[PDB]
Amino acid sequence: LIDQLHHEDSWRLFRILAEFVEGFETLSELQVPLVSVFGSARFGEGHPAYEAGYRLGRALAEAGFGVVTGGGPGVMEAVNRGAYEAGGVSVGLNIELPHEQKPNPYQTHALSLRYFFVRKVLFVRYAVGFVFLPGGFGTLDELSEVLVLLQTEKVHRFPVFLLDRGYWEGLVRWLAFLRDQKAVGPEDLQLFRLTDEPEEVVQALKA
């Protein structure tokens, strides 16, 4: 049987298990409500998405929320920074990639994960809401994931916001096409909300 359980590669589960445990340990003991935030790892200082990210972080911490990001560069860094400097709780769920990049230096708690799926469960398990700033493959990845879990009711409902109407217009319309094709329910597009103001997102969560 040595060959079977080998091709089974179950030993990979020790670390996967270590990652879940630490994650539950760390996130479950936080005292403030957690808001998961996402955005481009590539939009740095100056970029509208970065500035909006920093303002989002700041406002969330000053409202009592803690922020959970991938702890990477770009708007993630901006969001961690905004909440960090404001003194709020700032979590980073760092993913280990073949083409790394150091974790931003604005994490109150920093978790280092090897698997996206563990990182994904941790983004949802303790969230009172999710906010998506302009991003790329990774951001769409997270979004589509939350949409499914909500639409299918696998996880309790929670507010989902997409910041910057013009950036997301393209996706929203295709989703409307999906609704026209009857691929998604008649009320499924109301699972998320578009806005151009961070302040508006925070007010909505503050309730």
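Residue indices: 1-based, along the sequence shown.
Note on 62-70 vs 178-186: mean CA B-factor is higher in 62-70.
Taking only CA atoms, the mean B-factor in the PDB entry is higher for 98-106 than for the other of 98-106 and 75-83. Looking at 31, 40, 144, 151, the one whose CA carries the top B-factor in the deposited record is 31. Sort the modelled residues of the chain by CA B factor and residue 54 lands in the middle third.
In this PDB entry, the Cα temperature factor of residue 124 sits in the top third of its chain's modelled residues, the highest group.
Among all modelled residues in its chain, residue 155 ranks in the highest third by Cα B-factor. Ranked by C-alpha B-factor against the other modelled residues of its chain, residue 196 falls in the highest third. Residue 24 sits in the middle third of its chain by CA B factor, as recorded in the PDB entry.
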